[PDB]
Amino acid sequence: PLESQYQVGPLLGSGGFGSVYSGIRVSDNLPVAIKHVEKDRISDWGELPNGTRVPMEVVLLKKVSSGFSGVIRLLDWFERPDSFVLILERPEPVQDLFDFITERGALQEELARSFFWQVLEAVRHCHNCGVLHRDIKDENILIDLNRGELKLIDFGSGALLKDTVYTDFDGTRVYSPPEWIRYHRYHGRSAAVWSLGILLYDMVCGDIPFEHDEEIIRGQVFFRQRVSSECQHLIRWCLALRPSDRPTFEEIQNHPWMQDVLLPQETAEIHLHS
Ligand SMILES: Cn1c(-c2ccc(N3CCNCC3)cc2)c(-c2ccc(CO)cc2)c2c(Cl)ccnc21
């Protein structure tokens, strides 16, 4: 009885993830996001202990919905004849990180450090729950502007984390690593670290470093904005051409550029005027 449990509001967006509407849980006036996907547009199917074929995204989301505030949590889902409907939390006010960077340009390094740190904590949480996101990027990251907390979204290209090689990929190509472009082979963690390198560059430069396949493959990073040497070093480390030359999450978070991060609420007070 989806329409009796939730009040539907404006359309907030549409895209490869489907169509997302603002919503309110009639029970307790909780703000929610109501996301619709057509069955014929689902790229990858998975399934639950009961038998029911569902979008892979529902499998992954249930594994990472633990009360952690770094992933947008799945509250409920419904199956319709031709679509699935997902009920997700919705911070208020909220802004997508892609739009935030569009509006403000290159971020101050103190702000980028806090944002990057929170993205790492959230990706580590996903991996600890057995989930590989495979589409880390600014469009798939929300800012809870009052609390200064970032939240990951869109597991529709994800997979169960495994230790063997992946030979399939359906995320964003300009965030994909060179070993995928050249060989159509990657391992989950080092591919995630590559995409975190692209993301960090995007935050401190205001745009992604590579647009074309041969730029990804060549792996030469040019900085068009003034960026500290420690940040440049971390970025180039994450964008190492050989997967085994890339840092681990532990190595990223111990890097000199990552030290003395602001807490999320401090971040909101200094930088989000909140
Ligand atoms: C998918 N999704 C979005 C979302 C909404 C819109 C977009 N796009 C895609 C391109 N950038 C502008 C619009 C991307 C994501 C949002 C989202 C909602 C509101 C706003 C800002 O009003 C931004 C993103 C969202 C929330 Cl809150 C929970 C769960 N999923 C969500």
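Our numbering is plain: 1 for the first residue shown, then up by one each step along the chain.
Using N, Cα and C of the backbone, Cβ positions are placed for all residues, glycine too.
What Swiss-Prot records for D135 is active site, proton acceptor. Cβ neighbour count for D135 (active site, proton acceptor) (all protein chains, 10 Å cutoff from its Cβ): 23.
The ATP binding site feature in Swiss-Prot is assigned to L12, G13, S14, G15, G16, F17, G18, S19, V20, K35, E89, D96. Every protein chain considered, the tally of other Cβ atoms within 10 Å of the Cβ of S14 (ATP binding site) stands at 12.
Under the heading domain 'Protein kinase', Swiss-Prot lists 6-258, citing sequence analysis as support.
According to Swiss-Prot, the feature phosphoserine maps to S66 (among others). Remark: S66 (phosphoserine) has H125, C129 as non-local neighbours, by Cβ distance under 8 Å and separation of at least 6 in sequence.
Under the DSSP three-state reduction, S229 (phosphoserine) is assigned to helix. Listed in sequence order, the residues of the same chain lying 6 or more apart from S229 (phosphoserine) and placing their CB within less than 8 Å of its CB: none are present. Among the features that Swiss-Prot reports, phosphoserine is placed at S229 (among others).
It is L12, among the binding-site residues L12, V20, whose Cβ has the fewest other Cβ atoms within 10 Å in the structure shown. Closeness to ligand 1 is met by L12, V20, these being the recorded positions among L12, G16, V20, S66, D135 whose Cβ falls under 6 Å from the molecule. Sequence-distant neighbours of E89 (ATP binding site) (same chain, 6+ residues apart, CB-CB distance under 8 A): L30, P31, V32, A33, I72, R73, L75. Ranked by Cβ neighbours within 10 A across all protein chains shown, the binding-site residues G16, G18 are led by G18.
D135 (active site, proton acceptor) sits 12 Å from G16 (ATP binding site), counting Cα to Cα.
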